[PDB]
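**Q** My structure is stored as entry07.tsv, with TSV, C-alpha atoms and all ligand atoms.
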chain	number	residue	atom	x	y	z
A	11	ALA	CA	20.01	-55.04	19.37
A	12	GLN	CA	17.82	-51.93	18.72
A	13	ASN	CA	14.11	-52.40	17.78
A	14	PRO	CA	14.08	-56.15	18.22
A	15	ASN	CA	10.27	-56.47	17.68
A	16	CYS	CA	10.74	-54.70	14.24
A	17	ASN	CA	8.19	-51.99	14.91
A	18	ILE	CA	7.68	-49.11	12.46
A	19	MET	CA	9.48	-46.08	13.92
A	20	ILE	CA	8.48	-42.43	13.44
A	21	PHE	CA	11.11	-39.68	13.39
A	22	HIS	CA	10.84	-35.94	13.94
A	23	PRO	CA	14.17	-34.39	12.75
A	24	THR	CA	14.93	-30.79	13.59
A	25	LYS	CA	15.83	-28.37	10.77
A	26	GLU	CA	19.53	-28.88	11.60
A	27	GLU	CA	19.18	-32.68	11.48
A	28	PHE	CA	17.39	-32.35	8.11
A	29	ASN	CA	20.51	-30.95	6.40
A	30	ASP	CA	22.44	-34.11	5.76
A	31	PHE	CA	20.26	-36.91	4.25
A	32	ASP	CA	22.82	-39.75	4.49
A	33	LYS	CA	23.69	-38.93	8.05
A	34	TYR	CA	20.01	-38.99	9.14
A	35	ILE	CA	19.37	-42.34	7.37
A	36	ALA	CA	22.34	-43.80	9.18
A	37	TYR	CA	21.02	-42.30	12.48
A	38	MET	CA	17.63	-43.98	11.96
A	39	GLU	CA	19.38	-47.28	11.35
A	40	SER	CA	21.48	-46.82	14.56
A	41	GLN	CA	18.09	-46.82	16.37
A	42	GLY	CA	16.94	-49.99	14.58
A	43	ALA	CA	14.49	-48.39	12.13
A	44	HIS	CA	15.43	-50.71	9.26
A	45	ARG	CA	14.39	-53.77	11.15
A	46	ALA	CA	10.73	-52.89	10.40
A	47	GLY	CA	11.30	-52.50	6.67
A	48	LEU	CA	9.59	-49.05	6.71
A	49	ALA	CA	9.98	-45.76	8.71
A	50	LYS	CA	8.02	-42.49	8.79
A	51	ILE	CA	9.81	-39.14	8.80
A	52	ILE	CA	7.82	-36.00	9.74
A	53	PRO	CA	9.75	-32.95	8.37
A	54	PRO	CA	10.53	-29.98	10.60
A	55	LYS	CA	7.80	-27.42	10.70
A	56	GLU	CA	10.17	-24.84	8.95
A	57	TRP	CA	10.38	-27.01	5.82
A	58	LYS	CA	8.20	-27.18	2.76
A	59	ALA	CA	8.44	-29.08	-0.54
A	60	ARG	CA	7.18	-26.17	-2.67
A	61	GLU	CA	5.03	-23.03	-2.15
A	62	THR	CA	1.64	-24.30	-3.45
A	63	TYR	CA	-0.07	-27.13	-5.38
A	64	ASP	CA	-2.29	-24.71	-7.23
A	65	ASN	CA	-0.54	-25.08	-10.57
A	66	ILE	CA	-0.33	-28.90	-11.18
A	67	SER	CA	-3.50	-29.57	-13.23
A	68	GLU	CA	-1.80	-29.55	-16.59
A	69	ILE	CA	0.65	-32.35	-15.85
A	70	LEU	CA	-0.16	-35.22	-18.22
A	71	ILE	CA	-0.82	-38.79	-17.23
A	72	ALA	CA	0.07	-40.38	-20.60
A	73	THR	CA	-1.01	-43.92	-19.75
A	74	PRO	CA	-3.50	-44.13	-16.82
A	75	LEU	CA	-3.85	-47.72	-15.64
A	76	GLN	CA	-7.14	-49.41	-14.61
A	77	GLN	CA	-6.35	-51.90	-11.90
A	78	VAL	CA	-8.56	-54.95	-12.50
A	79	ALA	CA	-8.62	-57.66	-9.80
A	80	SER	CA	-9.01	-61.46	-9.97
A	81	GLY	CA	-9.32	-63.83	-7.02
A	82	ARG	CA	-10.95	-63.56	-3.60
A	83	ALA	CA	-11.20	-60.57	-1.34
A	84	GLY	CA	-8.12	-61.33	0.80
A	85	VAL	CA	-5.98	-63.06	-1.95
A	86	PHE	CA	-6.01	-61.53	-5.42
A	87	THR	CA	-3.92	-60.44	-8.34
A	88	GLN	CA	-4.36	-57.28	-10.33
A	89	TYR	CA	-3.55	-56.48	-13.95
A	90	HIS	CA	-3.19	-53.04	-15.39
A	91	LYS	CA	-5.39	-52.10	-18.32
A	92	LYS	CA	-4.12	-49.10	-20.32
A	93	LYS	CA	-6.50	-46.14	-20.71
A	94	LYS	CA	-6.46	-42.96	-22.80
A	95	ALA	CA	-4.24	-40.05	-21.63
A	96	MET	CA	-5.63	-37.46	-19.29
A	97	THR	CA	-4.39	-34.42	-17.37
A	98	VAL	CA	-4.03	-34.31	-13.59
A	99	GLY	CA	-7.06	-31.91	-13.55
A	100	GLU	CA	-9.13	-34.45	-15.48
A	101	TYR	CA	-7.89	-37.28	-13.22
A	102	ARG	CA	-8.73	-35.35	-10.05
A	103	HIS	CA	-12.28	-34.81	-11.30
A	104	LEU	CA	-12.55	-38.52	-12.08
A	105	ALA	CA	-11.28	-39.56	-8.71
A	106	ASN	CA	-13.92	-37.30	-7.03
A	107	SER	CA	-16.81	-38.64	-9.22
A	108	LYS	CA	-19.52	-40.76	-7.68
A	109	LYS	CA	-18.12	-43.91	-9.36
A	110	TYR	CA	-14.63	-43.54	-7.81
A	111	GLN	CA	-14.82	-41.31	-4.72
A	112	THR	CA	-13.94	-42.42	-1.23
A	113	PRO	CA	-17.07	-43.63	0.68
A	114	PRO	CA	-18.28	-42.31	3.89
A	115	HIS	CA	-16.34	-43.78	6.74
A	116	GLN	CA	-15.64	-43.37	10.49
A	117	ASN	CA	-11.91	-43.49	10.71
A	118	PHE	CA	-8.85	-45.04	9.06
A	119	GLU	CA	-9.66	-48.51	10.50
A	120	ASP	CA	-13.21	-48.47	9.05
A	121	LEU	CA	-11.83	-47.42	5.65
A	122	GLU	CA	-9.23	-50.26	5.82
A	123	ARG	CA	-12.11	-52.76	6.53
A	124	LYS	CA	-14.01	-51.41	3.57
A	125	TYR	CA	-10.96	-51.65	1.32
A	126	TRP	CA	-10.34	-55.32	2.10
A	127	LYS	CA	-14.00	-56.23	1.92
A	128	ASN	CA	-14.73	-54.46	-1.35
A	129	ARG	CA	-11.58	-53.76	-3.38
A	130	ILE	CA	-11.97	-56.64	-5.77
A	131	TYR	CA	-15.36	-55.44	-6.95
A	132	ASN	CA	-14.11	-52.20	-8.41
A	133	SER	CA	-11.32	-51.19	-10.87
A	134	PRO	CA	-9.77	-47.85	-9.86
A	135	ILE	CA	-7.57	-45.85	-12.25
A	136	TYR	CA	-3.94	-45.13	-11.23
A	137	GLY	CA	-1.29	-42.67	-12.70
A	138	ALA	CA	1.98	-44.46	-12.01
A	139	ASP	CA	5.66	-44.16	-12.68
A	140	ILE	CA	5.46	-40.71	-14.28
A	141	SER	CA	9.04	-39.33	-14.51
A	142	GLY	CA	9.12	-35.93	-12.86
A	143	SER	CA	9.26	-33.92	-9.63
A	144	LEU	CA	7.13	-31.47	-7.63
A	145	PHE	CA	9.97	-30.27	-5.35
A	146	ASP	CA	10.88	-26.63	-5.82
A	147	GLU	CA	14.41	-26.30	-7.09
A	148	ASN	CA	15.15	-24.05	-4.12
A	149	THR	CA	14.14	-26.67	-1.57
A	150	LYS	CA	17.58	-27.72	-0.36
A	151	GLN	CA	16.75	-30.45	2.22
A	152	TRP	CA	15.28	-33.84	1.30
A	153	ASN	CA	14.62	-32.79	-2.25
A	154	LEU	CA	14.04	-36.14	-3.96
A	155	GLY	CA	15.41	-34.83	-7.28
A	156	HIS	CA	18.77	-33.85	-5.65
A	157	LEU	CA	19.79	-36.98	-3.88
A	158	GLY	CA	23.09	-38.82	-4.46
A	159	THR	CA	22.66	-41.29	-7.34
A	160	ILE	CA	22.82	-45.03	-6.89
A	161	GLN	CA	25.46	-45.19	-9.64
A	162	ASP	CA	27.66	-42.80	-7.69
A	163	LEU	CA	27.12	-44.86	-4.52
A	164	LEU	CA	28.20	-48.09	-6.24
A	165	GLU	CA	31.25	-46.26	-7.62
A	166	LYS	CA	32.15	-44.83	-4.16
A	167	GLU	CA	31.81	-48.27	-2.47
A	168	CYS	CA	33.19	-50.63	-5.10
A	169	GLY	CA	35.35	-48.44	-7.37
A	170	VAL	CA	33.62	-49.22	-10.68
A	171	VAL	CA	32.11	-46.33	-12.74
A	172	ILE	CA	28.87	-47.33	-14.40
A	173	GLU	CA	26.35	-45.85	-16.83
A	174	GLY	CA	22.84	-44.93	-15.76
A	175	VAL	CA	20.76	-42.30	-14.13
A	176	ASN	CA	18.35	-42.28	-11.15
A	177	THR	CA	15.38	-39.86	-11.32
A	178	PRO	CA	12.13	-39.44	-9.32
A	179	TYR	CA	8.65	-40.48	-10.27
A	180	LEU	CA	5.13	-39.16	-9.58
A	181	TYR	CA	2.10	-41.26	-8.61
A	182	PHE	CA	-1.45	-39.92	-8.85
A	183	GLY	CA	-3.89	-42.09	-6.84
A	184	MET	CA	-7.56	-42.45	-6.02
A	185	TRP	CA	-9.62	-44.54	-3.62
A	186	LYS	CA	-8.70	-48.23	-3.83
A	187	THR	CA	-5.62	-47.71	-6.00
A	188	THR	CA	-3.26	-50.43	-4.89
A	189	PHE	CA	0.43	-51.24	-4.69
A	190	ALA	CA	1.09	-54.97	-4.68
A	191	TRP	CA	3.47	-56.89	-2.42
A	192	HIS	CA	7.05	-56.28	-3.55
A	193	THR	CA	10.57	-55.22	-2.64
A	194	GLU	CA	12.37	-52.52	-4.64
A	195	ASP	CA	14.34	-53.33	-7.78
A	196	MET	CA	17.68	-54.86	-6.69
A	197	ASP	CA	16.35	-54.65	-3.07
A	198	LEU	CA	17.14	-50.88	-3.00
A	199	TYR	CA	15.79	-48.37	-0.53
A	200	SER	CA	12.95	-46.13	-1.52
A	201	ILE	CA	11.80	-42.76	-0.24
A	202	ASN	CA	8.27	-41.56	-0.81
A	203	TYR	CA	6.85	-38.09	-0.15
A	204	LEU	CA	3.07	-37.61	-0.04
A	205	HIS	CA	2.73	-34.14	-1.63
A	206	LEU	CA	-1.00	-33.67	-1.36
A	207	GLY	CA	-4.38	-35.17	-0.86
A	208	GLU	CA	-5.70	-38.18	0.92
A	209	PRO	CA	-3.65	-40.72	2.93
A	210	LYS	CA	-1.85	-43.90	1.92
A	211	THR	CA	-1.97	-47.03	4.10
A	212	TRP	CA	1.14	-49.23	4.09
A	213	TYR	CA	1.82	-52.81	5.11
A	214	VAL	CA	5.39	-54.14	5.55
A	215	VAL	CA	7.21	-57.35	6.48
A	216	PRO	CA	10.54	-57.01	8.41
A	217	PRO	CA	13.55	-57.79	6.11
A	218	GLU	CA	14.68	-60.55	8.43
A	219	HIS	CA	11.36	-62.34	7.75
A	220	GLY	CA	10.98	-61.74	4.06
A	221	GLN	CA	11.38	-65.38	3.12
A	222	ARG	CA	8.26	-66.17	5.21
A	223	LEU	CA	6.26	-63.90	2.98
A	224	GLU	CA	7.78	-65.43	-0.16
A	225	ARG	CA	6.86	-68.97	1.01
A	226	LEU	CA	3.25	-67.93	1.67
A	227	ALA	CA	3.09	-66.18	-1.67
A	228	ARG	CA	4.25	-69.35	-3.47
A	229	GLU	CA	1.47	-71.29	-1.71
A	230	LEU	CA	-1.24	-68.67	-2.46
A	231	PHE	CA	-0.29	-68.01	-6.08
A	232	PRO	CA	0.78	-71.47	-7.24
A	233	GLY	CA	0.56	-70.92	-11.04
A	234	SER	CA	2.44	-67.62	-10.82
A	235	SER	CA	5.15	-69.27	-8.70
A	236	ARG	CA	5.65	-72.07	-11.24
A	237	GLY	CA	6.05	-69.39	-13.93
A	238	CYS	CA	8.77	-67.39	-12.21
A	239	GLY	CA	10.97	-67.96	-9.15
A	240	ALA	CA	10.72	-64.21	-8.48
A	241	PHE	CA	7.14	-63.51	-9.40
A	242	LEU	CA	6.60	-60.87	-6.75
A	243	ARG	CA	8.79	-58.74	-8.97
A	244	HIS	CA	5.79	-58.59	-11.32
A	245	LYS	CA	4.05	-56.41	-8.79
A	246	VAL	CA	0.63	-58.00	-9.10
A	247	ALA	CA	-0.12	-60.04	-5.90
A	248	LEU	CA	-2.16	-58.88	-2.93
A	249	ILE	CA	-2.60	-60.62	0.42
A	250	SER	CA	-4.74	-59.08	3.18
A	251	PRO	CA	-3.72	-58.47	6.79
A	252	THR	CA	-6.30	-61.04	7.91
A	253	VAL	CA	-4.70	-63.70	5.67
A	254	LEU	CA	-1.20	-62.78	6.78
A	255	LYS	CA	-2.26	-63.11	10.50
A	256	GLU	CA	-3.94	-66.49	9.77
A	257	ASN	CA	-0.62	-67.71	8.38
A	258	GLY	CA	1.57	-66.28	11.11
A	259	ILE	CA	3.46	-63.81	8.91
A	260	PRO	CA	5.09	-61.00	10.86
A	261	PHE	CA	4.03	-57.58	9.52
A	262	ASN	CA	3.12	-54.04	10.51
A	263	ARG	CA	0.87	-51.31	9.23
A	264	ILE	CA	0.91	-47.49	9.22
A	265	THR	CA	-0.95	-44.66	7.46
A	266	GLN	CA	1.04	-41.87	5.74
A	267	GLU	CA	-0.58	-38.42	5.50
A	268	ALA	CA	0.19	-35.45	3.22
A	269	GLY	CA	3.45	-33.77	4.14
A	270	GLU	CA	5.11	-36.97	5.46
A	271	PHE	CA	8.00	-39.04	4.11
A	272	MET	CA	8.25	-42.82	4.19
A	273	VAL	CA	11.44	-44.75	3.76
A	274	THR	CA	11.45	-48.42	2.72
A	275	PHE	CA	14.59	-50.39	3.56
A	276	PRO	CA	16.44	-53.10	1.56
A	277	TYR	CA	14.44	-56.28	1.28
A	278	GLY	CA	11.38	-54.84	3.15
A	279	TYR	CA	8.37	-56.27	1.36
A	280	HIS	CA	5.55	-53.74	1.27
A	281	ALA	CA	2.01	-53.20	-0.14
A	282	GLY	CA	-0.79	-50.73	0.38
A	283	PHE	CA	-3.60	-48.55	-0.90
A	284	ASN	CA	-4.67	-44.95	-1.34
A	285	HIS	CA	-7.64	-43.44	0.55
A	286	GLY	CA	-8.65	-40.97	-2.16
A	287	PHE	CA	-7.19	-38.50	-4.65
A	288	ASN	CA	-3.50	-37.93	-3.88
A	289	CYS	CA	-0.07	-37.26	-5.38
A	290	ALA	CA	3.15	-38.91	-4.18
A	291	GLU	CA	6.75	-38.66	-5.41
A	292	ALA	CA	9.21	-41.49	-4.92
A	293	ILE	CA	12.76	-42.50	-5.85
A	294	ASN	CA	15.14	-45.33	-5.12
A	295	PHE	CA	18.37	-44.73	-3.27
A	296	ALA	CA	21.32	-46.63	-1.85
A	297	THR	CA	23.70	-46.48	1.12
A	298	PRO	CA	26.82	-48.51	1.96
A	299	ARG	CA	24.60	-51.04	3.82
A	300	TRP	CA	22.60	-51.76	0.62
A	301	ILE	CA	25.53	-53.29	-1.33
A	302	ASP	CA	25.25	-56.68	0.33
A	303	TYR	CA	21.54	-56.79	-0.30
A	304	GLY	CA	22.02	-55.88	-3.93
A	305	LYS	CA	24.38	-58.80	-4.42
A	306	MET	CA	21.73	-61.23	-3.08
A	307	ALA	CA	18.56	-59.81	-4.66
A	308	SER	CA	16.36	-62.17	-6.60
A	309	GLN	CA	15.71	-61.54	-10.12
A	310	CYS	CA	12.83	-62.03	-12.61
A	311	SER	CA	14.16	-63.66	-15.84
A	312	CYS	CA	10.72	-64.77	-17.26
A	313	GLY	CA	10.03	-61.63	-19.27
A	314	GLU	CA	7.26	-60.17	-17.12
A	315	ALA	CA	8.91	-57.65	-14.73
A	316	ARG	CA	10.67	-55.54	-17.52
A	317	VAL	CA	12.59	-52.70	-15.79
A	318	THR	CA	14.65	-49.50	-16.02
A	319	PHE	CA	17.70	-49.19	-18.22
A	320	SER	CA	19.84	-48.56	-15.14
A	321	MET	CA	19.23	-52.05	-13.58
A	322	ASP	CA	21.51	-53.56	-16.25
A	323	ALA	CA	24.67	-52.27	-14.66
A	324	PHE	CA	23.65	-53.22	-11.15
A	325	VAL	CA	23.10	-56.88	-12.26
A	326	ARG	CA	26.25	-56.84	-14.34
A	327	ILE	CA	28.54	-55.66	-11.53
A	328	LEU	CA	26.90	-57.14	-8.43
A	329	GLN	CA	25.53	-60.41	-9.94
A	330	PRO	CA	27.79	-61.38	-12.89
A	331	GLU	CA	26.81	-65.07	-12.72
A	332	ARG	CA	23.10	-64.17	-13.20
A	333	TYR	CA	23.73	-61.48	-15.79
A	334	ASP	CA	23.45	-63.55	-18.99
A	335	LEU	CA	20.15	-65.27	-17.94
A	336	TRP	CA	18.64	-62.02	-16.61
A	337	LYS	CA	19.51	-60.20	-19.84
A	338	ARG	CA	17.90	-62.90	-22.05
A	339	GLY	CA	14.68	-62.25	-20.01
A	340	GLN	CA	14.88	-58.55	-20.90
A	341	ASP	CA	15.13	-59.20	-24.72
B	401	LIG	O1	3.38	-44.36	-3.82
B	401	LIG	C1	3.51	-45.57	-4.38
B	401	LIG	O2	3.15	-45.68	-5.54
B	401	LIG	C2	4.00	-46.76	-3.66
B	401	LIG	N1	5.42	-46.47	-3.58
B	401	LIG	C3	6.31	-47.39	-3.27
B	401	LIG	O3	6.14	-48.67	-3.35
B	401	LIG	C4	7.58	-46.86	-2.70
B	401	LIG	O4	7.85	-45.67	-2.46
B	401	LIG	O5	8.31	-47.88	-2.51
B	402	MG	MG	0.32	-28.03	-14.45
B	403	NI	NI	7.99	-49.81	-3.35
B	404	ZN	ZN	9.11	-63.14	-13.79
Can I see the file as C-alpha cells?

**A**
Amino acid sequence: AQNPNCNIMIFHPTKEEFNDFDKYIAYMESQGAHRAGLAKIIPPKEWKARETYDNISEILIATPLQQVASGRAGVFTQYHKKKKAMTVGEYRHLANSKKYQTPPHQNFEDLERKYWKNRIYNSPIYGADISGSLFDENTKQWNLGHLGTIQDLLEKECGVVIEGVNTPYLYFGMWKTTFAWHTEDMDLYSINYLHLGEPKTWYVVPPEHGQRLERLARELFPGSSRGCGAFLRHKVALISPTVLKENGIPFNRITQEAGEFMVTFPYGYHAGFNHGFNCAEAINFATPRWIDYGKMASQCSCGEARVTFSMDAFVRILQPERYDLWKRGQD
C-alpha cells in the first residue's frame, strides 16, 4: 500500500506531465497521495497563471465577511458578519493597516503559535466565494476555469445527463482569516491555486480517519451536534493542532506559498488560516474514484449549510433516498 502513514506529498511535474490534468491526478493517487487528504503541486518553472497581478484592484468584493469568534483559543466557532462592499484595492489597504496586518514573527512556526494563541481576540475580514477567475485565457495547463465539469464526469461514469455548471471562485484573505474544519460539498475534490501574496497554512485529517474527527467534533460542539447530524457542513468549527494531538486525532500540516497548487481529496477534512493579504482561486472537481464517496457523503438538512444550485442533481442521482429530506432543508 503506498503512503501508509498518510503523509502530505509534494509533487514537481515537468511541463510535459502538466499537460493532462486527469492523468497527473491519477498518477499522484498511484503514489498514495490521497491517503493524506491533501497534496501540494509545484508547477514547472516554464508555467505561469497570467502575466501580472498589476491590474486586479478594481475587482469588487460585494459582501466582505467579518469572522467573529466564540469559545476558547483552541476550540471555537466563527460566524460571518456581512460588511459593506469594497474593491480589492480597498481590501488590500485594509489588510495592511495597523489593525489587521500580520505581526512581526520569526518563521512560519512562530506565526502559527501566534495564530492559535490570539485568533479569537480579533475579527478579520474575508472576501470569500467570489465567482471568477484570474487565469489568463491562454494558459492551457491547469487552468482552473477550463477543467472538465463534475456534471460531465457523472454523465461519463453513470450515463445520466444532468443540469448544472461548475465554475471557479476567488478568495481574498488577510492575517487570521480562517477556513473551518470541513470536507467539500458531496465529498468532492478541490484544487486551490495561491495567485499572490502571503502564505496559507493547512491542516488535514486522512480520509480513512475522518470519522475520528467527526466524533471529536460532536464532543467539542455538543449543541451544534444536537442541531444537525452534519454540522461540520456549516463551516464554522475550529479545533487547534494542540487539541487534536491531546485527543489522538491523526492529522498533518503544511504551508502553501504563492505560485503553488493544493489538491484536497474526497472526504479529507481540512482547515487553515491565511498569513496576510493574499488571493486564492479554487474549484471543485471529480474523478472516477469520487463517485463512491459522493454516494456516501453526509448531508446537512437543518437549513444552515445552504449550497450551490448544482448540488441538487448530485443528491438526486447519487442519494435518491435522502433527496426529499435534503430538499426540504433547502426550502
Ligand atoms: O482558500 C480557501 O478559501 C480555502 N479553500 C478550500 O477549503 C479549498 O480549496 O478546499
Ligand atoms: Mg481590476
Ligand atoms: Ni475546502
Ligand atoms: Zn445543518

**Q** Would you compute the distance between CA of residue 125 in chain A and CA of residue 223 in chain A? Give it in Å to one decimal.

**A**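 Calculated distance between CA of residue 125 in chain A and CA of residue 223 in chain A is 21.2 Å.
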
**Q** Quick one: residues within 10 Å of residue 135 in chain A, all atoms listed in the file, excluding same-chain residues fewer than 4 positions away - as a count of residues only?

**A** 20

**Q** For residue 199 in chain A, find every residue with an atom within 6 Å (counting all atoms listed in the file), except residues of its own chain fewer than 2 positions away, and show them as a PyMOL selection string.

**A** chain A and resi 274-276+294-296

**Q** Go ahead and write the residues just picked, C-alpha atoms, as a short mmCIF file (atom, residue, chain, number, x, y, z; two decimals), in the frame of the given file.

**A**
data_model
loop_
_atom_site.label_atom_id
_atom_site.label_comp_id
_atom_site.auth_asym_id
_atom_site.auth_seq_id
_atom_site.Cartn_x
_atom_site.Cartn_y
_atom_site.Cartn_z
CA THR A 274 11.45 -48.42 2.72
CA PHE A 275 14.59 -50.39 3.56
CA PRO A 276 16.44 -53.10 1.56
CA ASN A 294 15.14 -45.33 -5.12
CA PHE A 295 18.37 -44.73 -3.27
CA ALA A 296 21.32 -46.63 -1.85
#

**Q** If I take CA of residue 57 in chain A and CA of residue 160 in chain A, how far is one from the other in Å, to one decimal?

**A**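 So the two atoms, CA of residue 57 in chain A and CA of residue 160 in chain A, lie 25.3 Å apart.
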
**Q** What does the list of residues within 10 Å of ligand LIG 401 (chain B) look like if you count all atoms listed in the file, written as a ChimeraX atom specification?

**A** /A:48,136-139,179-183,187-195,198-204,210-212,245,271-275,278-284,288-294

**Q** Would you work out the distance separating CA of residue 34 in chain A from CA of residue 318 in chain A, expressed in Å to one decimal?

**A**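 Pair CA of residue 34 in chain A / CA of residue 318 in chain A returns 27.8 Å.
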
**Q** Between A:106, A:230, A:12, A:61, which residue has the minimum interatomic distance to residue 253 in chain A, considering all atoms listed in the file?

**A**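 Distance minimum relative to residue 253 in chain A lands on A:230.
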
**Q** Could the residues that lie within 8 Å of ligand ZN 404 (chain B), counting only C-alpha atoms and all ligand atoms, be listed as a list in words?

**A** residues 237, 238, 239, 240, 241, 242, 243, 244, 309, 310, 311, 312, 313, 314 and 315 of chain A

**Q** Would you output that residue set with C-alpha atoms, as a PDB file, in the coordinates of the input?

**A**
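So the final result, stored in again_0.pdb, reads:
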ATOM      1  CA  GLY A 237       6.050 -69.390 -13.930  1.00  0.00           C
ATOM      2  CA  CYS A 238       8.770 -67.390 -12.210  1.00  0.00           C
ATOM      3  CA  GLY A 239      10.970 -67.960  -9.150  1.00  0.00           C
ATOM      4  CA  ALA A 240      10.720 -64.210  -8.480  1.00  0.00           C
ATOM      5  CA  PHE A 241       7.140 -63.510  -9.400  1.00  0.00           C
ATOM      6  CA  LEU A 242       6.600 -60.870  -6.750  1.00  0.00           C
ATOM      7  CA  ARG A 243       8.790 -58.740  -8.970  1.00  0.00           C
ATOM      8  CA  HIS A 244       5.790 -58.590 -11.320  1.00  0.00           C
ATOM      9  CA  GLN A 309      15.710 -61.540 -10.120  1.00  0.00           C
ATOM     10  CA  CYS A 310      12.830 -62.030 -12.610  1.00  0.00           C
ATOM     11  CA  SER A 311      14.160 -63.660 -15.840  1.00  0.00           C
ATOM     12  CA  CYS A 312      10.720 -64.770 -17.260  1.00  0.00           C
ATOM     13  CA  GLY A 313      10.030 -61.630 -19.270  1.00  0.00           C
ATOM     14  CA  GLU A 314       7.260 -60.170 -17.120  1.00  0.00           C
ATOM     15  CA  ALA A 315       8.910 -57.650 -14.730  1.00  0.00           C
TER      16      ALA A 315
END

**Q** Find, counting only C-alpha atoms and all ligand atoms, the residue in A:69, A:122, A:85, A:60 that gets nearest to ligand MG 402 (chain B).

**A**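 The shortest atom-to-atom distance to ligand MG 402 (chain B) comes from A:69.
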
**Q** Residues of chain A that approach ligand MG 402 (chain B) to 10 Å or less, counting all atoms listed in the file: could you list each one with the shortest pair of atoms and its distance in Å to one decimal, rows by chain and increasing residue number, as a tab-separated table?

**A**
residue	atom	partner	partner_atom	distance
A:63	CA	B:MG402	MG	9.1
A:64	CA	B:MG402	MG	8.4
A:65	CA	B:MG402	MG	4.9
A:66	CA	B:MG402	MG	3.4
A:67	CA	B:MG402	MG	4.3
A:68	CA	B:MG402	MG	3.4
A:69	CA	B:MG402	MG	4.6
A:70	CA	B:MG402	MG	8.1
A:97	CA	B:MG402	MG	8.5
A:98	CA	B:MG402	MG	7.7
A:99	CA	B:MG402	MG	8.4

**Q** Ranking A:161, A:257, A:153, A:112 by minimum distance to residue 208 in chain A and counting all atoms listed in the file, which one comes first?

**A**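 Checking each candidate against residue 208 in chain A, we get A:112 as the closest.
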
**Q** Using the partial input, fill out range 187-201 of chain A with N, CA and C atoms; write the result as an mmCIF file, keeping the file's coordinate frame.

**A**
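Below is the file that was written, out_14.cif:
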data_model
loop_
_atom_site.group_PDB
_atom_site.id
_atom_site.type_symbol
_atom_site.label_atom_id
_atom_site.label_comp_id
_atom_site.auth_asym_id
_atom_site.auth_seq_id
_atom_site.Cartn_x
_atom_site.Cartn_y
_atom_site.Cartn_z
ATOM 1 N N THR A 187 -6.835 -47.423 -5.251
ATOM 2 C CA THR A 187 -5.620 -47.710 -6.000
ATOM 3 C C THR A 187 -4.647 -48.412 -5.067
ATOM 4 N N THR A 188 -3.964 -49.403 -5.647
ATOM 5 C CA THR A 188 -3.260 -50.430 -4.890
ATOM 6 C C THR A 188 -1.840 -50.664 -5.370
ATOM 7 N N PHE A 189 -0.934 -50.794 -4.419
ATOM 8 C CA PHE A 189 0.430 -51.240 -4.690
ATOM 9 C C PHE A 189 0.608 -52.652 -4.100
ATOM 10 N N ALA A 190 0.966 -53.590 -4.984
ATOM 11 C CA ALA A 190 1.090 -54.970 -4.680
ATOM 12 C C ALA A 190 2.338 -55.269 -3.851
ATOM 13 N N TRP A 191 2.345 -56.449 -3.237
ATOM 14 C CA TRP A 191 3.470 -56.890 -2.420
ATOM 15 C C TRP A 191 4.772 -56.977 -3.205
ATOM 16 N N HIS A 192 5.819 -56.267 -2.779
ATOM 17 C CA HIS A 192 7.050 -56.280 -3.550
ATOM 18 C C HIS A 192 8.169 -55.736 -2.654
ATOM 19 N N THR A 193 9.431 -56.037 -3.031
ATOM 20 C CA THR A 193 10.570 -55.220 -2.640
ATOM 21 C C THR A 193 10.995 -54.336 -3.826
ATOM 22 N N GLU A 194 11.874 -53.366 -3.561
ATOM 23 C CA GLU A 194 12.370 -52.520 -4.640
ATOM 24 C C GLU A 194 13.241 -53.318 -5.615
ATOM 25 N N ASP A 195 13.352 -52.743 -6.839
ATOM 26 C CA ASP A 195 14.340 -53.330 -7.780
ATOM 27 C C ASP A 195 15.738 -53.447 -7.078
ATOM 28 N N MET A 196 16.385 -54.616 -7.250
ATOM 29 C CA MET A 196 17.680 -54.860 -6.690
ATOM 30 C C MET A 196 17.756 -54.653 -5.170
ATOM 31 N N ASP A 197 16.559 -54.787 -4.540
ATOM 32 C CA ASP A 197 16.350 -54.650 -3.070
ATOM 33 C C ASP A 197 16.921 -53.330 -2.576
ATOM 34 N N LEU A 198 16.792 -52.299 -3.387
ATOM 35 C CA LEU A 198 17.140 -50.880 -3.000
ATOM 36 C C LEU A 198 16.285 -50.320 -1.878
ATOM 37 N N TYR A 199 16.715 -49.199 -1.315
ATOM 38 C CA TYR A 199 15.790 -48.370 -0.530
ATOM 39 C C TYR A 199 14.869 -47.662 -1.444
ATOM 40 N N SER A 200 13.739 -47.172 -0.874
ATOM 41 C CA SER A 200 12.950 -46.130 -1.520
ATOM 42 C C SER A 200 12.610 -45.052 -0.551
ATOM 43 N N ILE A 201 12.354 -43.876 -1.064
ATOM 44 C CA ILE A 201 11.800 -42.760 -0.240
ATOM 45 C C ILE A 201 10.596 -42.245 -0.986
#
